[PDB]
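Asks: As input, take target-v4.cif (mmCIF, C-alpha atoms and all ligand atoms):
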data_my_file
loop_
_atom_site.label_atom_id
_atom_site.label_comp_id
_atom_site.auth_asym_id
_atom_site.auth_seq_id
_atom_site.Cartn_x
_atom_site.Cartn_y
_atom_site.Cartn_z
CA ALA L 1 -32.25 5.81 94.65
CA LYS L 2 -30.93 2.23 94.47
CA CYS L 3 -31.07 0.19 91.23
CA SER L 4 -30.17 -3.40 90.34
CA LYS L 5 -26.64 -4.86 90.50
CA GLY L 6 -25.57 -2.39 93.19
CA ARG L 7 -26.17 0.63 90.97
CA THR L 8 -27.53 4.08 91.78
CA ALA L 9 -29.77 6.64 90.10
CA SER L 10 -30.42 10.17 91.32
CA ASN L 11 -33.97 9.55 90.14
CA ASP L 12 -35.79 6.33 90.99
CA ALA L 13 -37.65 6.19 87.68
CA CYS L 14 -34.30 5.78 85.84
CA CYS L 15 -33.71 2.43 87.56
CA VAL L 16 -35.48 0.37 84.87
CA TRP L 17 -33.08 1.59 82.18
CA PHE L 18 -30.14 -0.15 83.94
CA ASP L 19 -31.80 -3.52 83.17
CA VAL L 20 -32.78 -2.38 79.69
CA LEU L 21 -29.08 -1.45 79.22
CA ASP L 22 -27.98 -4.97 80.21
CA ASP L 23 -30.42 -6.55 77.72
CA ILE L 24 -29.56 -4.56 74.63
CA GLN L 25 -25.80 -4.65 75.26
CA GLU L 26 -26.10 -8.44 75.27
CA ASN L 27 -29.10 -9.35 73.14
CA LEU L 28 -28.89 -6.68 70.43
CA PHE L 29 -25.42 -5.08 70.50
CA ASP L 30 -23.47 -8.37 71.07
CA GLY L 31 -21.50 -7.65 74.26
CA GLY L 32 -21.70 -3.96 73.45
CA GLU L 33 -20.18 -3.96 69.98
CA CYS L 34 -20.38 -0.99 67.62
CA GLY L 35 -21.78 -2.88 64.65
CA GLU L 36 -24.73 -3.32 62.31
CA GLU L 37 -27.41 -3.28 65.04
CA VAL L 38 -25.91 -0.09 66.58
CA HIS L 39 -25.67 1.51 63.12
CA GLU L 40 -29.30 0.69 62.29
CA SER L 41 -30.25 1.75 65.84
CA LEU L 42 -28.52 5.13 65.62
CA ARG L 43 -30.09 5.69 62.17
CA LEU L 44 -33.46 4.76 63.73
CA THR L 45 -33.21 7.70 66.20
CA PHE L 46 -33.33 10.04 63.23
CA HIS L 47 -36.15 8.38 61.35
CA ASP L 48 -38.33 8.65 64.48
CA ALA L 49 -37.25 12.13 65.57
CA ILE L 50 -37.43 13.89 62.20
CA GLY L 51 -41.16 13.23 61.70
CA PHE L 52 -41.73 16.74 63.03
CA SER L 53 -42.92 19.80 61.07
CA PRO L 54 -43.81 23.04 62.89
CA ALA L 55 -44.42 24.58 59.44
CA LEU L 56 -47.15 21.96 58.89
CA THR L 57 -48.51 22.54 62.38
CA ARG L 58 -48.84 26.32 61.93
CA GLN L 59 -51.28 25.68 59.11
CA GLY L 60 -53.93 23.73 60.98
CA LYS L 61 -52.25 20.52 59.87
CA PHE L 62 -50.72 17.64 61.82
CA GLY L 63 -46.95 17.92 61.57
CA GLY L 64 -45.81 14.75 63.35
CA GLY L 65 -44.85 14.12 66.96
CA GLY L 66 -41.05 13.90 66.61
CA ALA L 67 -39.26 11.56 69.06
CA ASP L 68 -42.58 9.85 69.93
CA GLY L 69 -41.75 6.31 68.80
CA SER L 70 -44.50 6.41 66.15
CA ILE L 71 -42.24 4.70 63.60
CA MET L 72 -42.46 1.71 65.96
CA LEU L 73 -46.11 2.09 67.09
CA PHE L 74 -47.22 2.46 63.51
CA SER L 75 -44.43 0.48 61.82
CA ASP L 76 -46.82 -0.92 59.18
CA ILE L 77 -47.63 2.64 57.99
CA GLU L 78 -44.33 4.49 58.55
CA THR L 79 -41.72 1.87 57.41
CA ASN L 80 -43.42 1.52 54.03
CA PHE L 81 -42.43 5.12 53.37
CA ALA L 82 -39.84 5.03 50.58
CA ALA L 83 -37.68 7.17 52.81
CA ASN L 84 -37.92 4.37 55.39
CA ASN L 85 -36.65 1.35 53.42
CA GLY L 86 -34.65 -1.24 55.36
CA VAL L 87 -35.84 0.27 58.61
CA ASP L 88 -38.47 -2.35 59.48
CA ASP L 89 -35.67 -4.77 60.39
CA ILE L 90 -34.42 -2.92 63.49
CA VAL L 91 -37.92 -1.80 64.46
CA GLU L 92 -39.16 -5.40 64.62
CA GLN L 93 -36.09 -6.39 66.70
CA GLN L 94 -36.49 -3.51 69.15
CA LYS L 95 -40.27 -3.85 69.56
CA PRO L 96 -40.40 -7.05 71.68
CA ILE L 97 -37.50 -5.77 73.80
CA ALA L 98 -39.18 -2.49 74.76
CA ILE L 99 -42.37 -4.46 75.56
CA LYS L 100 -40.85 -6.72 78.25
CA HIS L 101 -39.55 -3.70 80.21
CA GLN L 102 -42.75 -1.76 79.49
CA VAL L 103 -40.80 1.30 78.41
CA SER L 104 -42.36 3.58 75.78
CA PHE L 105 -41.17 3.06 72.19
CA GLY L 106 -39.93 6.65 71.86
CA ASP L 107 -37.85 6.33 75.00
CA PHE L 108 -36.51 2.97 73.88
CA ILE L 109 -35.35 4.14 70.40
CA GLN L 110 -33.46 7.13 71.80
CA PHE L 111 -32.02 4.80 74.44
CA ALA L 112 -30.64 2.20 71.98
CA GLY L 113 -28.98 4.95 69.95
CA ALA L 114 -27.47 6.56 73.04
CA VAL L 115 -26.29 3.19 74.30
CA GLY L 116 -24.89 1.82 71.02
CA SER L 117 -22.98 4.97 70.07
CA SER L 118 -21.23 4.71 73.42
CA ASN L 119 -20.00 1.30 72.20
CA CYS L 120 -18.17 3.04 69.35
CA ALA L 121 -14.49 3.98 69.60
CA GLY L 122 -14.22 7.62 70.69
CA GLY L 123 -18.01 7.43 70.65
CA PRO L 124 -20.26 10.12 72.12
CA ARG L 125 -22.15 9.97 75.42
CA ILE L 126 -25.62 11.11 74.41
CA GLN L 127 -28.00 12.72 76.90
CA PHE L 128 -30.91 10.41 77.68
CA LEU L 129 -34.23 11.73 79.03
CA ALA L 130 -37.23 9.48 79.65
CA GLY L 131 -41.00 9.58 79.96
CA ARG L 132 -42.14 10.10 76.35
CA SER L 133 -45.76 9.16 75.80
CA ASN L 134 -46.60 5.84 74.14
CA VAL L 135 -49.67 7.48 72.63
CA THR L 136 -49.24 9.24 69.29
CA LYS L 137 -50.26 9.23 65.61
CA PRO L 138 -48.21 8.12 62.58
CA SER L 139 -45.81 10.60 61.04
CA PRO L 140 -46.91 12.29 57.81
CA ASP L 141 -44.79 11.17 54.81
CA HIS L 142 -41.98 13.01 53.00
CA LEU L 143 -40.56 14.40 56.26
CA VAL L 144 -37.34 12.35 56.20
CA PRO L 145 -34.55 13.93 54.10
CA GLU L 146 -33.53 11.84 51.04
CA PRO L 147 -29.82 11.33 49.99
CA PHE L 148 -30.89 12.72 46.57
CA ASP L 149 -32.56 15.85 48.06
CA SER L 150 -30.76 19.12 47.44
CA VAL L 151 -28.76 20.78 50.20
CA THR L 152 -31.15 23.75 50.00
CA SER L 153 -34.10 21.42 50.55
CA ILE L 154 -32.23 19.43 53.22
CA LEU L 155 -31.31 22.59 55.16
CA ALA L 156 -34.93 23.76 54.98
CA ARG L 157 -36.26 20.40 56.19
CA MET L 158 -34.00 20.38 59.26
CA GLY L 159 -34.47 24.09 59.91
CA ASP L 160 -38.18 23.42 59.99
CA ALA L 161 -37.57 20.72 62.59
CA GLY L 162 -35.27 23.08 64.53
CA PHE L 163 -31.71 22.86 63.22
CA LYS L 164 -29.36 25.50 61.89
CA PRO L 165 -26.95 24.35 59.14
CA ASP L 166 -23.97 23.95 61.51
CA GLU L 167 -26.07 21.44 63.53
CA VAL L 168 -26.96 19.31 60.48
CA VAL L 169 -23.25 18.79 59.77
CA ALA L 170 -22.83 17.85 63.44
CA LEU L 171 -25.66 15.28 63.29
CA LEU L 172 -24.18 13.79 60.11
CA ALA L 173 -21.17 12.78 62.27
CA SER L 174 -23.31 9.66 62.70
CA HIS L 175 -22.06 8.65 59.25
CA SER L 176 -18.72 7.75 60.69
CA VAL L 177 -20.40 4.73 62.02
CA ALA L 178 -22.57 3.89 59.05
CA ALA L 179 -23.22 1.80 55.88
CA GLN L 180 -26.06 1.44 53.28
CA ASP L 181 -28.28 -1.53 52.34
CA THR L 182 -30.93 -0.10 49.97
CA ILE L 183 -29.22 2.31 47.55
CA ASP L 184 -27.34 -0.64 46.02
CA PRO L 185 -28.36 -3.96 47.69
CA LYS L 186 -25.40 -5.65 46.00
CA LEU L 187 -23.11 -3.35 47.99
CA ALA L 188 -25.12 -3.72 51.20
CA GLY L 189 -22.96 -3.12 54.29
CA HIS L 190 -20.25 -1.08 52.59
CA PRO L 191 -19.59 1.86 54.99
CA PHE L 192 -19.69 5.62 54.35
CA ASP L 193 -16.16 5.77 55.79
CA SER L 194 -13.01 3.68 56.27
CA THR L 195 -13.60 3.17 59.97
CA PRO L 196 -17.35 2.42 60.54
CA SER L 197 -16.93 1.33 64.17
CA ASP L 198 -14.77 4.23 65.24
CA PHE L 199 -16.55 7.55 65.87
CA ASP L 200 -13.83 9.60 64.14
CA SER L 201 -13.39 12.39 61.56
CA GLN L 202 -12.51 9.94 58.75
CA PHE L 203 -16.01 10.48 57.23
CA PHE L 204 -15.47 14.22 56.85
CA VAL L 205 -12.11 13.56 55.17
CA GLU L 206 -13.12 10.84 52.72
CA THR L 207 -16.20 12.85 51.77
CA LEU L 208 -13.93 15.64 50.50
CA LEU L 209 -11.84 13.27 48.35
CA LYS L 210 -12.71 13.16 44.64
CA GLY L 211 -15.16 10.46 43.58
CA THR L 212 -13.10 8.21 41.30
CA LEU L 213 -14.65 4.74 41.56
CA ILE L 214 -17.94 3.09 40.58
CA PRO L 215 -18.12 0.29 43.23
CA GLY L 216 -21.18 -1.49 41.83
CA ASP L 217 -21.86 -2.18 38.16
CA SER L 218 -23.60 1.18 37.98
CA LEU L 219 -24.55 4.23 40.05
CA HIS L 220 -27.90 4.74 41.75
CA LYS L 221 -30.44 7.37 42.79
CA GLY L 222 -28.80 9.11 45.76
CA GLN L 223 -25.39 7.49 45.16
CA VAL L 224 -22.39 9.28 43.60
CA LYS L 225 -18.84 7.94 43.01
CA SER L 226 -16.60 6.57 45.79
CA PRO L 227 -13.01 7.70 46.54
CA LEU L 228 -12.05 4.22 47.77
CA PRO L 229 -12.96 0.54 47.21
CA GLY L 230 -15.35 -0.91 49.80
CA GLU L 231 -16.57 2.62 50.48
CA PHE L 232 -20.04 3.93 49.52
CA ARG L 233 -20.74 7.65 49.03
CA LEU L 234 -24.08 9.44 49.33
CA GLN L 235 -24.95 12.25 46.91
CA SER L 236 -26.28 14.38 49.79
CA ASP L 237 -23.02 13.99 51.76
CA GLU L 238 -20.84 14.82 48.77
CA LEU L 239 -22.87 18.00 48.22
CA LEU L 240 -23.00 19.06 51.90
CA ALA L 241 -19.24 18.64 52.18
CA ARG L 242 -18.78 21.12 49.32
CA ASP L 243 -21.78 23.45 49.74
CA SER L 244 -20.69 26.91 50.90
CA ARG L 245 -23.47 26.91 53.48
CA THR L 246 -21.95 23.83 55.13
CA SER L 247 -18.37 23.36 53.87
CA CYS L 248 -16.66 25.27 56.66
CA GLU L 249 -18.27 23.34 59.53
CA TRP L 250 -17.73 20.10 57.61
CA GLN L 251 -14.08 21.11 57.57
CA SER L 252 -14.15 22.23 61.24
CA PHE L 253 -14.57 18.58 62.32
CA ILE L 254 -11.31 17.82 60.49
CA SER L 255 -9.25 20.80 61.68
CA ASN L 256 -10.67 20.20 65.18
CA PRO L 257 -11.70 16.50 65.72
CA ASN L 258 -12.15 17.12 69.45
CA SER L 259 -15.17 19.31 68.65
CA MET L 260 -17.01 16.45 66.93
CA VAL L 261 -18.34 14.49 69.93
CA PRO L 262 -19.56 17.46 72.09
CA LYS L 263 -21.14 19.22 69.08
CA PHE L 264 -22.86 15.93 68.15
CA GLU L 265 -24.01 15.35 71.72
CA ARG L 266 -25.64 18.84 71.83
CA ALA L 267 -27.52 18.41 68.55
CA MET L 268 -28.56 14.77 69.31
CA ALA L 269 -30.04 15.91 72.60
CA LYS L 270 -32.21 18.32 70.60
CA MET L 271 -33.17 15.55 68.23
CA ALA L 272 -33.96 12.95 70.86
CA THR L 273 -36.55 15.42 72.16
CA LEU L 274 -38.24 16.82 69.03
CA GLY L 275 -41.96 16.94 69.82
CA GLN L 276 -41.00 16.70 73.51
CA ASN L 277 -40.72 18.99 76.58
CA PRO L 278 -37.39 18.30 78.36
CA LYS L 279 -38.84 19.94 81.47
CA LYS L 280 -41.53 17.21 81.38
CA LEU L 281 -38.97 14.40 81.19
CA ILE L 282 -36.58 13.04 83.85
CA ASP L 283 -32.80 12.85 83.40
CA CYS L 284 -31.48 9.27 83.17
CA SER L 285 -28.21 10.09 81.37
CA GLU L 286 -26.39 8.22 84.17
CA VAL L 287 -27.35 4.81 82.71
CA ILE L 288 -25.59 5.58 79.38
CA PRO L 289 -21.98 4.23 79.67
CA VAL L 290 -18.86 6.40 79.34
CA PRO L 291 -17.34 5.71 75.88
CA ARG L 292 -13.76 4.37 75.64
CA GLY L 293 -11.26 5.63 73.05
CA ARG L 294 -9.02 8.64 72.38
CA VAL L 295 -9.75 11.18 69.60
CA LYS L 296 -7.83 9.84 66.58
CA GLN L 297 -5.77 12.06 64.28
CA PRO L 298 -7.59 12.28 60.93
CA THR L 299 -5.53 10.92 58.05
CA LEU L 300 -5.56 11.00 54.25
CA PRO L 301 -5.92 7.39 52.93
CA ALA L 302 -3.06 5.57 51.22
CA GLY L 303 -2.84 6.53 47.54
CA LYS L 304 -4.29 9.94 48.30
CA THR L 305 -2.79 13.44 48.62
CA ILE L 306 -4.04 16.94 49.33
CA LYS L 307 -4.45 17.24 45.57
CA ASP L 308 -7.33 14.73 45.87
CA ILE L 309 -9.11 17.07 48.34
CA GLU L 310 -11.88 19.27 46.95
CA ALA L 311 -11.27 22.05 49.50
CA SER L 312 -14.57 23.97 49.78
CA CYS L 313 -14.11 26.67 52.45
CA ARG L 314 -13.49 29.87 51.86
CA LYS L 315 -12.62 31.43 55.26
CA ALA L 316 -10.14 28.68 56.15
CA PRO L 317 -7.60 26.63 54.12
CA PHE L 318 -7.63 22.85 54.43
CA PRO L 319 -5.48 21.53 57.30
CA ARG L 320 -2.18 19.79 56.53
CA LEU L 321 -2.98 16.20 57.55
CA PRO L 322 -0.56 13.27 57.04
CA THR L 323 -1.11 10.49 54.49
CA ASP L 324 -1.37 6.83 55.59
CA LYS L 325 1.58 4.66 54.52
CA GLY L 326 1.48 1.50 52.39
CA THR L 327 -0.97 0.57 49.65
CA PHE L 328 -4.67 1.10 50.42
CA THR L 329 -6.51 -1.86 51.93
CA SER L 330 -9.97 -2.26 50.40
CA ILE L 331 -12.62 -1.57 53.06
CA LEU L 332 -14.41 -4.57 54.54
CA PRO L 333 -18.23 -4.50 54.73
CA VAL L 334 -19.94 -4.20 58.09
CA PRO L 335 -20.72 -7.79 59.32
CA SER L 336 -24.16 -9.37 58.73
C1 LIG O 1 -29.71 15.01 56.96
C2 LIG O 1 -30.25 14.13 56.12
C3 LIG O 1 -29.81 12.64 56.07
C4 LIG O 1 -29.83 11.88 54.97
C5 LIG O 1 -30.24 12.34 53.55
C6 LIG O 1 -29.33 10.56 55.34
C7 LIG O 1 -29.21 9.50 54.46
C8 LIG O 1 -28.78 8.22 54.74
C9 LIG O 1 -28.80 7.09 53.83
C10 LIG O 1 -29.31 7.10 52.37
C11 LIG O 1 -28.30 6.01 54.46
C12 LIG O 1 -28.16 4.58 53.87
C13 LIG O 1 -29.49 3.84 54.16
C14 LIG O 1 -29.61 2.52 53.40
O1 LIG O 1 -30.00 2.53 52.19
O2 LIG O 1 -29.33 1.46 54.01
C15 LIG O 1 -27.95 6.43 55.81
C16 LIG O 1 -27.40 5.63 56.79
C17 LIG O 1 -27.23 5.96 58.12
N1 LIG O 1 -27.61 7.17 58.69
FE1 LIG O 1 -28.03 8.92 57.63
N2 LIG O 1 -29.04 10.55 56.71
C18 LIG O 1 -29.33 11.81 57.18
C19 LIG O 1 -29.20 12.15 58.51
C20 LIG O 1 -28.85 11.27 59.50
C21 LIG O 1 -28.88 11.56 60.92
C22 LIG O 1 -29.37 12.92 61.51
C23 LIG O 1 -28.43 10.47 61.57
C24 LIG O 1 -28.24 10.24 63.10
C25 LIG O 1 -28.02 11.27 63.92
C26 LIG O 1 -28.10 9.46 60.59
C27 LIG O 1 -27.58 8.23 60.93
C28 LIG O 1 -27.33 7.19 60.06
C29 LIG O 1 -26.70 5.95 60.45
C30 LIG O 1 -26.22 5.57 61.87
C31 LIG O 1 -26.64 5.11 59.15
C32 LIG O 1 -26.06 3.68 58.99
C33 LIG O 1 -27.20 2.65 58.96
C34 LIG O 1 -26.58 1.28 58.78
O3 LIG O 1 -25.31 1.22 58.66
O4 LIG O 1 -27.38 0.28 58.76
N3 LIG O 1 -28.37 9.98 59.32
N4 LIG O 1 -28.25 7.78 55.94
CA CA O 2 -41.97 9.75 64.96
CA CA O 3 -15.60 6.45 61.46
#
As structure tokens, please, write out the structure in this file.
Replies:
Amino acid sequence: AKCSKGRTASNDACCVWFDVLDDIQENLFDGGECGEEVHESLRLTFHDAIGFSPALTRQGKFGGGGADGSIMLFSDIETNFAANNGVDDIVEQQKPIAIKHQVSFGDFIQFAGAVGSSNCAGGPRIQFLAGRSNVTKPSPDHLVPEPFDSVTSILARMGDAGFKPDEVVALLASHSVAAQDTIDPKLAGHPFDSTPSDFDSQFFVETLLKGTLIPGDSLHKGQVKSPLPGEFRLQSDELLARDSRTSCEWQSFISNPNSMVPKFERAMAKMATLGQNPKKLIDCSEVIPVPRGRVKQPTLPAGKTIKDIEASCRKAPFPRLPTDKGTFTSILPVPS
């Protein structure tokens, strides 16, 4: 098939996404930058997808429709979940966009995440299937994992959805390109790692550092201590990095940074299609750009040493990674 601007799709129905791609890379991702709107976007893929409980379904109860765009269709309901605070912003930006192209909301949300992550340095190229219904029902509450939930409860929430523990760690790779706004509003935009626009293993490293700093005037529900100024640290992430169910895979992304993108692509492709039949969708992965950027060597921050690493696995010693030189430069917030 032939699409706009001299472009080609194996399947004709994918042709609309090429023009969607042009719009969001300009009028949402600012010339395809890996910034706030990509971060929000990528986070939005999860808040839509995870509204999916087969355990609830098995009991004659509605268990959510996963990647069905309901968070957008029923924004009023869903975004006033406490687990969904700060989410209404990127929903209300995306909504008019997906309307003009008459793509379904579920399709659109998975698209923006797939597109934006490709904008990130050493970013992943996420599979993108299309044709999700635009008819669904709002997600039941309390399905989204909270940063103050226990690992045990978090594993069980994602296992219910479909994920084994290894896969959760993989998905969390998204935190490399991430900051918070609602745990501590006064620290809004401070990233979970030192390089929030690179898709690198720095998140897995800095999560294993000891928490030594209180960045705000106090700590908060779901927040623990940071290892570095400018950096925020989630309770859930600190735990998962050290939990013996998850510590070794957490570490695997450090000892083998090449494995991070393909492992994260696999799991994302599951997530983008929770509550969906892939055999009932068409493959428009072509539209999603090839990411630029080499896999970076993971480094220990300036001022840090292997002594600062809370090594939590068990089968395999921590890898000998070099320390950055100089004094540590306090980490700049993600732009407004
Ligand atoms: C497994 C349970 C998870 C928990 C408990 C969790 C928790 C959080 C929290 C508390 C924030 C900060 C939100 C705020 O207050 O502004 C955040 C940010 C973010 N999360 Fe996660 N998350 C989880 C899984 C995921 C997954 C599966 C993805 C994507 C695959 C993801 C992608 C993101 C992104 C991209 C951000 C940055 C948002 C921004 O910078 O505006 N998270 N997460
Ligand atoms: Ca949903
Ligand atoms: Ca990063």
Asks: Per residue of range 106-201 of chain L within 7 Å of range 317-333 of chain L, record the nearest atom pair and its distance in Å to one decimal, counting all atoms listed in the file, with rows in chain order and ascending residue number, as JSON lines.
Replies:
{"residue": "L:189", "atom": "CA", "partner": "L:333", "partner_atom": "CA", "distance": 4.9}
{"residue": "L:190", "atom": "CA", "partner": "L:333", "partner_atom": "CA", "distance": 4.5}
{"residue": "L:191", "atom": "CA", "partner": "L:333", "partner_atom": "CA", "distance": 6.5}
{"residue": "L:194", "atom": "CA", "partner": "L:331", "partner_atom": "CA", "distance": 6.2}
Asks: Given the choices L:183, L:1, L:241, L:71, which gets closest to ligand CA 2 (chain O) if the distance is worked out from all atoms listed in the file?
Replies: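 Closest residue, counting all atoms listed in the file: L:71.
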Asks: Dump the neighbourhood of ligand CA 3 (chain O) as a list in words: all residues within 6 Å, distances computed on all atoms listed in the file.
Replies: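 Residues satisfying the distance criterion: residues 176, 177, 193, 195, 196, 197, 198, 199, 200, 202 and 203 of chain L.
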Asks: What does the distance between CA of residue 244 in chain L and CA of residue 302 in chain L come to in Å, to one decimal place?
Replies: 27.7 Å
Asks: Could you tell me how far CA of residue 91 in chain L sits from CA of residue 224 in chain L, in Å to one decimal place?
Replies: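 A separation of 28.3 Å between them.
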Asks: Nearest residue to residue 49 in chain L out of L:271, L:28, L:97, L:334, using all atoms listed in the file?
Replies: L:271
Asks: Can you tell me which residues come within 10 Å of ligand CA 2 (chain O) when counting only C-alpha atoms and all ligand atoms, ideally as JSON, numbers by chain?
Replies: {"L": [44, 45, 46, 47, 48, 49, 50, 51, 52, 64, 65, 66, 67, 68, 69, 70, 71, 72, 73, 74, 78, 105, 106, 136, 137, 138, 139, 140, 143, 274, 275]}
